[PDB]
Amino acid sequence: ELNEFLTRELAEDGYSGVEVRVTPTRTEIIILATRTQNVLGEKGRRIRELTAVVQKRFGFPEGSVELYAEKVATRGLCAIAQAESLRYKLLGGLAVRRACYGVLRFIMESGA
Amino acid sequence: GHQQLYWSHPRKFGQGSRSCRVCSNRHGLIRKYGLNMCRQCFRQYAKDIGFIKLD
Amino acid sequence: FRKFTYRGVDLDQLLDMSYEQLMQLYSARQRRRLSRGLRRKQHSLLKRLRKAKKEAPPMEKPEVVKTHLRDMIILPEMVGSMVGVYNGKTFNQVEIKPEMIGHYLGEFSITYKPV
Amino acid sequence: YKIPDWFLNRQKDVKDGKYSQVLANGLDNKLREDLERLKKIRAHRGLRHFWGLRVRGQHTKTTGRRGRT
Amino acid sequence: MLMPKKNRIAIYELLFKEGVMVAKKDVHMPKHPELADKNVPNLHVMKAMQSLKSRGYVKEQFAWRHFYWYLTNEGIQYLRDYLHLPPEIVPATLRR
Amino acid sequence: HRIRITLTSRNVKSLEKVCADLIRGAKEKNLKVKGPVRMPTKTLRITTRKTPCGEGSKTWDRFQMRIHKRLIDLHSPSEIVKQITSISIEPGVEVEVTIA
Amino acid sequence: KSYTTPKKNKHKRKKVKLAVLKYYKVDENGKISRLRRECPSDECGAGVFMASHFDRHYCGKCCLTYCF
RNA sequence: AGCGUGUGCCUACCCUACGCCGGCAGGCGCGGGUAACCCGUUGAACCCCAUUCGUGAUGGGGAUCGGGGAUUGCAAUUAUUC
RNA sequence: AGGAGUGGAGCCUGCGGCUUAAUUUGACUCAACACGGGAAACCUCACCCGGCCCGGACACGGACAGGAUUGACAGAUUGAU
Ligand SMILES: [Zn+2]
């Protein structure tokens with residue numbers, strides 16, 4: 001549930017994945033994101049409002065979880081980020097061949 | 001009226017009492033282990049839950 | 001020629017008795033039709049039908065009542081009363097006799113045609 | 001002779017309701033009476049017996065190929 | 001779409017107490033489980049919610065069976081004007 | 001005071017490493033310890049047809065869920081148990097404690 | 001679009017003109033008179049002016065009938 | 001015998017040993033299991049042993065049909081099932 | 001080279017065809033026919049008979065607090081109270 005929701009929500013700022021860690025009285029969720037500036041919004045607004053969504057929909061005591069996000073390392077290796085970038089570049093007006101060549105050269109230059 | 005017709009026919013059993021939690025359909029639902037998910041959606045999202053192919 | 005007896009008893013003595021002995025008088029499957037509890041879930045229409053049948057008619061064949069149901073049990077308290085049964089499409093007129101006691105209602109329906 | 005009633009063939013008949021074991025010609029006569037009663041009732045079982053089809057609720061699309069021609 | 005006066009103000013108070021709002025996609029479920037202190041029809045409140053969407057005051061999200069609603073600056077202006085309160089009131093999502 | 005803690009996880013190496021770490025810590029604390037009891041694994045099999053439609057050769061899928069349940073017995077006071085639970089927490093292990 | 005079998009109409013509420021004038025009878029002084037009934041129910045007080053029937057009167061929200 | 005499964009989210013519906021009523025399904029006051037703890041040593045069937053049956057559509061086949069008694073759900077007719 | 005067999009007998013099931021107010025449909029040699037996880041008494045349901053509150057947001061021009069609304073008890077077709 002959480003993975004699908006985060007993939008659909010944080011697609012606008014380069015979503016990669018999530019790693020839910022469970023700890024009594026304090027649940028620490030970490031989000032695999034590529035663009036940390038767009039995921040925080042305006043000084044932590046996004047974290048608080050998505051947390052409120054979490055308690056309101058899932059149902060959980062308030063003030064116990066804390067949504068987290070950090071810049072992912074070696075983003076060229078994660079295929080999900082490249083697929084999302086290709087979706088962005090093919091969305092508006094880019095040619096299929098040129099865009100595919102660009103993503104291919106970036107992937108093979110990433111170290112794969 | 002229709003407000004009385006909402007909770008009129010018993011939605012206790014049969015097949016309309018339950019539905020898939022992904023697409024709100026009522027075919028191929030897996031009630032095993034309380035999945036309540038149809039076969040296609042379970043096949044689609046099986047690896048994320050943890051069920052993976054070893055045999 | 002030979003006066004019928006319902007399964008041991010005759011019409012008047014059968015009528016002058018309640019369900020608490022009627023149930024043992026007839027068979028088992030229709031006993032559960034009233035043994036689980038009072039019938040009020042979808043039997044408001046059935047009770048309305050009973051009231052309509054017990055309404056005093058003129059000295060002739062009584063009036064006809066149209067219903068969308070085919071799930072009534074034939075009790076003696078409505079024999080000799082005309083009812084319109086919604087046999088899928090039309091409220092077909094039916095004819096009953098005092099030998100109908102203890103049976104179902106919607107068994108007088110022809111599926112398509114004799115062929 | 002202390003024989004329980006459930007062991008008998010037909011019990012609590014529609015005619016008299018008494019419990020009696022019936023013999024060959026008696027069974028044939030009672031079957032005729034029951035089928036005539038169903039015919040007079042014009043019940044579903046009686047009419048399906050009249051055309052001579054399966055009355056318990058079976059299928060005919062693939063069953064009953066040795067009857068009418 | 002006839003809406004009693006008390007239900008609308010109750011839903012406005014429930015929405016403004018935080019920055020977001022949720023509801024399940026099931027019209028055959030009158031009582032709202034989170035708002036257990038009132039017999040609000042969930043179908044009416046979600047339909048008024050999406051009508052407020054159609055007038056364009058909030059963002060809409062929906063994944064499998066639960067909708068997600070998020071406030072906006074113009075949306076919070078509309079809410080504060082309907083509630084007849086000064087703009088000094090802030091939701092729980094804007095505080096540190 | 002016969003404390004019995006139950007550990008359930010899907011991965012086997014992580015569970016074995018966590019149990020070994022707990023045993024080493026208890027031994028360094030110089031406390032009586034029991035043997036790590038390994039309950040029989042429970043397999044969850046959900047076999048479904050692979051065809052979204054109903055056309056083609058009848059193929060099938062085989063899904064498995066190998067779960068494990070390792071547990072140890074201790075005769076320690078609960079304060080050290082709470083101190084241990086306050087450290088070395090990972091998502092793989094869902095600790096369940098039974099007091100006896 | 002149109003159908004084959006004709007359909008009836010939907011019920012409409014006629015314009016209620018001078019409702020208050022129909023509730024209280026005007027006298028030649030400050031005194032007032034009433035020609036309707038008052039609801040003795042616990043949920044609703046005497047503010048619910050029942051309809052002016054001729055056989056038996058009907059309440060507003062109670063769905064109850066008081067006979068003569 | 002060996003794989004399984006088991007008290008629920010809108011969801012009540014689980015496996016049930018134990019002692020009775022009755023040929024029989026079936027009916028209540030009685031307990032555990034959220035499971036290597038309880039059903040459960042899962043006393044399975046096919047096997048094995050001693051009569052009955054004796055080439056006879058016959059002690060195989062149970063196709064068709066009537067009546068009676070039962071749990072299920074608001075509801076069993078074209079019998080849900082036994 | 002062999003074993004079990006099917007096809008012949010009875011019974012359950014899908015398809016085609018005839019019938020039916022309706023008997024919904026997808027797939028037609030391997031690679032369609034106990035296949036859609038579909039063993040359909042009500043929901044299933046997507047077909048016929050019938051009548052229901054509408055589950056027509058919102059923008060514009062009219063209709064309105066001097067009432068635009070909205071829920072109905074005796075009784076009649078109706079299916080219900
Ligand atoms: Zn009143």
# chains A, B, ... in the order shown; residues from 1 in each chain; ligands from 1
>>> residues_near_ligand(ligand="ligand 1", cutoff="12 Å", atoms="only C-alpha atoms (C1' of nucleotides) and all ligand atoms", output="NGL selection string")
(:G and (37-51 or 57-66)) or (:I and (73))
>>> closest_atom_pairs(of="chain C", to="chain I", cutoff="7 Å", atoms="only C-alpha atoms (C1' of nucleotides)", output="JSON lines")
{"residue": "C:45", "atom": "CA", "partner": "I:80", "partner_atom": "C1'", "distance": 6.4}
{"residue": "C:68", "atom": "CA", "partner": "I:79", "partner_atom": "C1'", "distance": 6.6}
{"residue": "C:88", "atom": "CA", "partner": "I:49", "partner_atom": "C1'", "distance": 6.4}
{"residue": "C:89", "atom": "CA", "partner": "I:49", "partner_atom": "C1'", "distance": 4.5}
{"residue": "C:112", "atom": "CA", "partner": "I:20", "partner_atom": "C1'", "distance": 5.9}
>>> write_last_selection(atoms="C-alpha atoms", output="short mmCIF file (atom, residue, chain, number, x, y, z; two decimals), in the first residue's frame")
data_model
loop_
_atom_site.label_atom_id
_atom_site.label_comp_id
_atom_site.auth_asym_id
_atom_site.auth_seq_id
_atom_site.Cartn_x
_atom_site.Cartn_y
_atom_site.Cartn_z
CA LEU C 45 -46.32 -8.25 1.90
CA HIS C 68 -44.44 -9.91 -7.54
CA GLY C 88 -41.87 -13.85 -14.67
CA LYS C 89 -43.77 -11.57 -17.06
CA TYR C 112 -41.13 -21.77 -21.95
#
>>> interface_residues(of="chain B", to="chain A", cutoff="10 Å", atoms="only C-alpha atoms", output="list in words")
residues 22, 45, 48 and 49 of chain B
>>> interface_residues(of="chain B", to="chain H", cutoff="9 Å", atoms="only C-alpha atoms (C1' of nucleotides)", output="number ranges by chain")
B: 10, 12-13, 17-18, 34
>>> residues_around(residues="residue 58 (chain A)", least_positions_apart="6", cutoff="12 Å", atoms="only C-alpha atoms (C1' of nucleotides)", output="JSON, numbers by chain")
{"A": [1, 2, 5, 50, 51, 52], "E": [22, 23, 24, 33, 34, 66, 67, 68], "H": [9]}
>>> write_last_selection(atoms="C-alpha atoms (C1' of nucleotides)", output="PDB file, in the first residue's frame")
ATOM      1  CA  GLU A   1       0.000   0.000   0.000  1.00  0.00           C
ATOM      2  CA  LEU A   2       2.665   2.478   1.069  1.00  0.00           C
ATOM      3  CA  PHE A   5       1.058   5.465  -2.700  1.00  0.00           C
ATOM      4  CA  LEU A  50       1.959  13.437   4.322  1.00  0.00           C
ATOM      5  CA  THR A  51       2.387  12.218   7.903  1.00  0.00           C
ATOM      6  CA  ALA A  52      -1.074  13.590   8.706  1.00  0.00           C
TER       7      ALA A  52
ATOM      8  CA  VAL E  22      -9.289  11.236   3.858  1.00  0.00           C
ATOM      9  CA  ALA E  23     -12.335   9.118   2.994  1.00  0.00           C
ATOM     10  CA  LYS E  24     -12.981   5.623   1.660  1.00  0.00           C
ATOM     11  CA  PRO E  33     -15.387   5.753  11.191  1.00  0.00           C
ATOM     12  CA  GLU E  34     -13.010   8.602  12.067  1.00  0.00           C
ATOM     13  CA  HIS E  66      -9.191   5.842  -0.198  1.00  0.00           C
ATOM     14  CA  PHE E  67      -9.161   9.425  -1.441  1.00  0.00           C
ATOM     15  CA  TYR E  68      -6.609  12.025  -0.360  1.00  0.00           C
TER      16      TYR E  68
ATOM     17  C1'   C H   9     -11.139  -5.188   8.741  1.00  0.00           C
TER      18        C H   9
END
>>> interface_residues(of="chain I", to="chain D", cutoff="10 Å", atoms="only C-alpha atoms (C1' of nucleotides)", output="list in words")
residues 10, 11, 12 and 13 of chain I
>>> write_last_selection(atoms="C-alpha atoms (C1' of nucleotides)", output="PDB file, in the first residue's frame")
ATOM      1  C1'   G I  10     -25.317 -44.711 -17.399  1.00  0.00           C
ATOM      2  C1'   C I  11     -24.345 -39.999 -14.975  1.00  0.00           C
ATOM      3  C1'   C I  12     -22.024 -34.195 -14.124  1.00  0.00           C
ATOM      4  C1'   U I  13     -19.940 -30.208 -17.310  1.00  0.00           C
TER       5        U I  13
END
